[PDB]
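Report on one structure; see the data block that follows.
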Amino acid sequence: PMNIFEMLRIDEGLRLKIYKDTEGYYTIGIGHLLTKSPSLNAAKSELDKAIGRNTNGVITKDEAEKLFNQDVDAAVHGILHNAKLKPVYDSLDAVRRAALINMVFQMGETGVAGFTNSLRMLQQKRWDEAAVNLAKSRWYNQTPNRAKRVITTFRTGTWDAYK
Amino acid sequence: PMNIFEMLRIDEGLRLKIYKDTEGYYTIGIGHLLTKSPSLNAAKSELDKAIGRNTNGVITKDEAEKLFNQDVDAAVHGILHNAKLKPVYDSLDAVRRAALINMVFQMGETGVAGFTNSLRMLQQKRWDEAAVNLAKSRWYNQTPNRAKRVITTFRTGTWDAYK
Amino acid sequence: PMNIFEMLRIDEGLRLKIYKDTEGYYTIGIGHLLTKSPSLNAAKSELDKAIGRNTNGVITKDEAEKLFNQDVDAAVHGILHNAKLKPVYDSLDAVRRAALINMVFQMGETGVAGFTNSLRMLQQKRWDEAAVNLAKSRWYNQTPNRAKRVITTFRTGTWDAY
Amino acid sequence: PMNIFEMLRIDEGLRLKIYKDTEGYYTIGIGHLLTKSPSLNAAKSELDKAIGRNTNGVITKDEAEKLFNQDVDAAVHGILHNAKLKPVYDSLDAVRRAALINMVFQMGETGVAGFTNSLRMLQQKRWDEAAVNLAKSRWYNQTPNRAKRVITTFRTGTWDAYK
Amino acid sequence: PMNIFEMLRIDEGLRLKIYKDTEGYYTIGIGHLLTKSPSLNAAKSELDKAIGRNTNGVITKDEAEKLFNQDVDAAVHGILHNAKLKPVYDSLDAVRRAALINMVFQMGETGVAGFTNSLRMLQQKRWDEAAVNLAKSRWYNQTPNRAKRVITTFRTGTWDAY
Amino acid sequence: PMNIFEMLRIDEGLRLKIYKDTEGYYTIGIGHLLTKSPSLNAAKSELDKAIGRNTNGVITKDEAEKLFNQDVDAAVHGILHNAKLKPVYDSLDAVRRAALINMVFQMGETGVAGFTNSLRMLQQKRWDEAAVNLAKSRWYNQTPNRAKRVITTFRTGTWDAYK
Ligand SMILES: [Cl-]
Ligand SMILES: [Zn+2]
Ligand SMILES: [Zn+2]
Ligand SMILES: [Zn+2]
């Protein structure tokens, strides 16, 4: 069973207690940034707001999935209302469409929409060129392994980089 | 490999040329309505518009999927901007969120929002109850089998009713 | 005095207490759906929310018109933001415009927008053709008597059918 | 046959060729303001833009009704997206809801939304006090005759001031 | 230090307690109309709602700026979602953009968009003709002094009038 | 004469011909990103589309300003339609509000909404604390000099950092 949840869960990891991410930012669940501010207290304050209860830095399985969903919806929404993204998104198959959401989920709609070239190659279904072009990005550099898997997906149209 | 496409492919079928649906309405692709008007001519016009070329009632696989993606985006956009529907949707797991999308794709966001008790039940994770409450709708009557599979999906949160 | 209220009042009926509609769905006022769920308790819940008091399934005249207005506003709003509908709507006379609102009130914007052909005929003012075309739909089948009247209004642009 | 059209037609009048209104502003059809600028050539430019053809300052009946409708839609749109107006609008009867529209048609949503007290009284069906309170506005002063009729409509709930 | 606040502060004045404006309308802060209704009690209502506390018709500086900012946001939003205005607004320099905002803050987006010619002349940077043309309006007539300064901002592109 | 324009012009620079920005991304005007794609041809493509003419990688003063205006409006739009940001934005004075827009123009609304603590401190007018707090972010790190001036503005409520 593979989807955007199972995909991202292993790209962003799933944690049930507040942790500092690659950039020391307070995070929880599946790559959910709580706050940029270096205050554990502010993180719990934000998390309490997000979950709607006194969590004291610890949430449940179902709660992190709920947070993940809110994030994903924001990403899908980002795609559906960016004129550079939607048309590309609409031309992809289910499996590849998830690799686009994964990108947007990671770096925001504006970030992903900047890949002017890769985006056209993808729309024209020229995967191999799209793979090497994306491999030439700051994205690929700051997070090589994840980018590999996403790019592999784009190139194969299968879940092989995750199975 | 399961997802909303493979799911809806077997609930709406996949057709490469215009046919009349269960209600004599000109359709193509994956349950894509072209027009309520009883004129094969107006249907090709709509289809010509949608695909962006002279199709003469015949389309390709990619074109059908592209058309499907546009319909799904409309269904997800229906769920996200529906106060009644988003909270429920966000509380569901991957597989079970597919079931909800399926329901909207079939009957529109308003229709689905109409299931007051069933929605709350799902949001509280009382699957069994939701199943029996959903099996009591005009929806279940008019399309018993489809609802069975979708309800089986809500109840087990798995792709069993399709795989 | 004829208008969309009096028009829809007699196409959808006006009932001061909850009732199961043509499809076993709990309803009140002027064809106002409360809930698809088979539980009169849920119906009274939604109704309490909407009306803003403890109704126990019974509302007043004014309360039903308030519930009617909210529904209509949603039909008009659905037309005014439907790229296919608004141009047609804007090309109709006061009376015939209501007949369009009527249809949307009955099946929604995406429903009415489906009648591609008839729509263009109406905006072109070829009434009689629009009549026969609409008379060939699942809409005309499921609810013959009403469609007849609505279509009649499109054809004559008057309140004769009512 | 009475409605918002026939009502505004006799308060705003119906003209087939550009005319200066009460304030020396270029107008046409049913109170359709074309421009504030004192340029007949500027007026004819907007009209050519609005009608979609070379009108040379002259339109048809249907072209004025189409223009009228778009102005009505703008007013109804104004009401339904005004937190202060929609709840009062929803509380009126078909006939009185027309009166409200007439006001918004004449002075916009912000103008009408200003009559704080008269609006409450209307939402509380205290018609006769709303009449006197509206009879005390700059609106009633600048345009006495029209206000009377509209205010009469608000007070009786009938088309008497126009029948 | 010049900007839209310092500008509008001196065109609409800043008051910390309800006052009747030029047309006898209850107002506060920076030209913030409270109610057209002739009731001091109705105005204290709106204000209390606007600020979120029992003000009894008296607010603070910060409460008048907060109320000013929301007024300015509504103006900028009106401009950014009006097809006639945004292209003109996006063609102006920082200073001349304040002047447009001002106008919309005073008379709303509809009123400002009614200046067909003066709007095109602005987009075309033909300032002087925009000046003489805006001076012929009811706007200028009803509020001469404020109009002078604003138009002057359109003609020089500097804060000289302020 | 100071304002968001004169402020951002000296932070983002003003160039009339496409250049690679700090990260090797094709840019023009005032920090306007054309494309993440490593293609000068792609950059000229986007540029042609935005400006709407045959630019060959060169624009006028006015075209830059127009471009800048659009970017600023997007940033302000972002703030205004963000529940975390608008209420803080509405609490600031004209001078400090420009600093917020500056941050949003640089890193987008989401990134700026991330500073949970700093934001609230600005809403409570504890400028000095917001200053130190903000100087502890990745933002201050990657772009020290710019952050200095923007944070100075937040602290003094004056244009001193730019005069
Ligand atoms: Cl079935
Ligand atoms: Zn949306
Ligand atoms: Zn709307
Ligand atoms: Zn907006």
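From first to last, the protein sequence lines are chains A, B, C, D, E and F. Heads up: the first sequence is residues 1 to 163, going by the working numbering. Heads up: the second sequence is residues 164 to 326, going by the working numbering. Heads up: the third sequence is residues 327 to 488, going by the working numbering. Heads up: the fourth sequence is residues 489 to 651, going by the working numbering. Heads up: the fifth sequence is residues 652 to 813, going by the working numbering. Heads up: the sixth sequence is residues 814 to 976, going by the working numbering. All C-beta atoms, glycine included, are put in the ideal place defined by N, C-alpha and C.
CB contact check: residue i to chain C, cutoff 9 Å
i                 : result
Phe593 of chain D : no
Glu494 of chain D : yes
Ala205 of chain B : yes
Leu588 of chain D : no
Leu568 of chain D : yes
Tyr188 of chain B : yes
Beta-carbon proximity of residue i to residue j, cut-off 9 Å
i                 : j                 : result
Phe928 of chain F : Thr22 of chain A  : no
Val402 of chain C : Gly483 of chain C : no
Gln269 of chain B : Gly194 of chain B : yes
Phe656 of chain E : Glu716 of chain E : yes
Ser742 of chain E : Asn882 of chain F : yes
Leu134 of chain A : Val88 of chain A  : no
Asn117 of chain A : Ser852 of chain F : yes
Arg318 of chain B : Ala294 of chain B : yes
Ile242 of chain B : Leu210 of chain B : no
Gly517 of chain D : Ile547 of chain D : yes
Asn590 of chain D : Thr641 of chain D : yes
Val267 of chain B : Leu285 of chain B : no
Coarse secondary structure for residue i, derived from DSSP in three states
i                 : result
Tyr182 of chain B : strand
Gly52 of chain A  : coil
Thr809 of chain E : coil
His565 of chain D : helix
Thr27 of chain A  : strand
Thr386 of chain C : coil
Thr35 of chain A  : strand
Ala131 of chain A : helix
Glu825 of chain F : helix
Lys247 of chain B : coil
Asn491 of chain D : coil
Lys717 of chain E : helix
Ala601 of chain D : coil
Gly759 of chain E : helix
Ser417 of chain C : coil
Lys125 of chain A : coil
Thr794 of chain E : coil
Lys961 of chain F : helix
Closer than 9 Å to chain F by CB, residue i
i                 : result
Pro87 of chain A  : no
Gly52 of chain A  : no
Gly31 of chain A  : no
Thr116 of chain A : yes
Contact test: residue i Cβ vs ligand 1 heavy atom, cutoff 8 Å
i                 : result
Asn265 of chain B : no
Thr315 of chain B : no
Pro327 of chain C : no
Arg309 of chain B : yes
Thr442 of chain C : no
Distance cut-off 8 Å: residue i Cβ against heavy atoms of ligand 3
i                      : result
residue 814 of chain E : Residue 814 of chain E is absent from the model: chain E starts at 652 and stops at 813.
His565 of chain D      : yes
CB contact below 9 Å: residue i versus chain D
i                 : result
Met447 of chain C : no
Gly762 of chain E : yes
9 Å Cβ cutoff, residue i in contact with chain A
i                 : result
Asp291 of chain B : no
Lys849 of chain F : yes
Contact with chain E by residue i, beta-carbon distance below 9 Å
i                 : result
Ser579 of chain D : no
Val871 of chain F : no
Chain B within 9 Å of residue i, Cβ atoms only
i                 : result
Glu338 of chain C : no
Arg15 of chain A  : no
Check: residue i C-beta below 8 Å from any heavy atom of ligand 5
i                 : result
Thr673 of chain E : As presented, the structure is devoid of ligand 5, carrying ligand 1, ligand 2, ligand 3 and ligand 4 as its sole ligands.
key: Members of the region 224-235 of chain B near chain A, C-beta cut-off 8 Å   = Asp225, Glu228, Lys229, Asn232, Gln233
key: Members of the region 459-476 of chain C near chain B, C-beta cut-off 7 Å   = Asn459, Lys462, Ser463, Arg464
message = At a CB distance below 8 Å, what residues from the region 964-975 of chain F approach chain E? Give them in sequence order.
response = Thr971, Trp972
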